[PDB]
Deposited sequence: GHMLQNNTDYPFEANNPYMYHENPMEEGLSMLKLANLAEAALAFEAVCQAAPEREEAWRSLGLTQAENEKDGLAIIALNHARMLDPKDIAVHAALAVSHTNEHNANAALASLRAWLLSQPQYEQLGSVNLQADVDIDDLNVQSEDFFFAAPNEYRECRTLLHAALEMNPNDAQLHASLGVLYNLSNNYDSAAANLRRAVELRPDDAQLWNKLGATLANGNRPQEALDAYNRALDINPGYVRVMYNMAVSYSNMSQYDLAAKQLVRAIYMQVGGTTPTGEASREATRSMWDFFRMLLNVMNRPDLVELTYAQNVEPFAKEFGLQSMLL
């Protein structure tokens, strides 16, 4: 496989890890759920619901590369899984893969029976202007078919993040959340769009809502860290990153995946003049930082 499965895989033992993964999306954490879906993928790689679930989980878990690898499996096994195309559009946008992002948005739209006949229609992003135009036009055409479709607006928000048209992006993502205000991904998307469009305060209000809805949303925690750091609110940035770190490990390859976050943390500890805390980051134990930054629930 092309996916770096965790070696010491306790869910490889269990009876129904697919059921347990779905359960753990609601009742536990992303990391544990991804480990359970990893088990199913390993034992039964023809199950594209397993790959799909692994991929979706990993993106929320701040692991787009692993999300893409998983989602490409799901894509092969079921070229018509709408949600797989959507997640690929999002992760490829994050990864600055413009051709793949536009291909995934086009696939997203045309895999839907309600929009599939757009595939046969005759219809500033200068690095792929026809690919871009085609997607933009297809999504507009879909909006005329379906004007208050929340996911069309969200998908235009993605398209518009890819081309740095953050105002249009925000306006579409805003409408999306107005339609679906309990959707935590939509709030995050609106937040990320606002932050990158240099509106960090509004962004932080959007992120807060998203985390309220889904308190294990590690990507949101990271994003908040980023905005707080950007506004030079290092106490708040540091708290968010300890939470993210804590959630992201619920061990082995997973230990390694947290290292870049730890280094980002180390910078916040440096800038705030805490060389004593900086020294402690090299051990990679959260406990000292849970105490230091007021997250004492993590000591239970």
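Gaps between the deposited sequence and the modelled structure occur at positions 1-7, 131-145, 273-277.
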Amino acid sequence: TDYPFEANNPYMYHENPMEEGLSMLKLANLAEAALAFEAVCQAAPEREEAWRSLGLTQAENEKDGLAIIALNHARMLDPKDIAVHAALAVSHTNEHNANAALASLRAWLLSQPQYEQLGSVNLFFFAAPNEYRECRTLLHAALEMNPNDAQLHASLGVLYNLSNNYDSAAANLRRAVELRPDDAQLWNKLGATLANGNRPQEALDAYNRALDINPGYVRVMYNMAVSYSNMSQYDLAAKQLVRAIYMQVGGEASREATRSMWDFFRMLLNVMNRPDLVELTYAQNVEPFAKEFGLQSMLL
From here on, numbers count along this sequence of modelled residues.
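In this entry, the higher average B-factor at the C-alpha atoms falls on 113-121, of the pair 169-177 and 113-121. Stretch comparison (125-133 versus 214-222) by mean CA B-factor in the PDB entry places 125-133 on top. When the C-alpha B factors of 205, 183, 144, 95 are read from the deposited coordinates, the top value falls at 144. The top Cα temperature factor in the record, among 201, 151, 72, 104, falls on 201. The entry lists a Cα temperature factor for residue 236 that places it in the lowest third of the chain's modelled residues. Among the modelled residues of its chain, residue 256 has a C-alpha B-factor that falls in the highest third, as given in the PDB entry. Residue 275 sits in the middle third of its chain by CA B factor, as recorded in the PDB entry. Among all modelled residues in its chain, residue 66 ranks in the lowest third by Cα B-factor. Residue 249 sits in the highest third of its chain by CA B factor, as recorded in the PDB entry.
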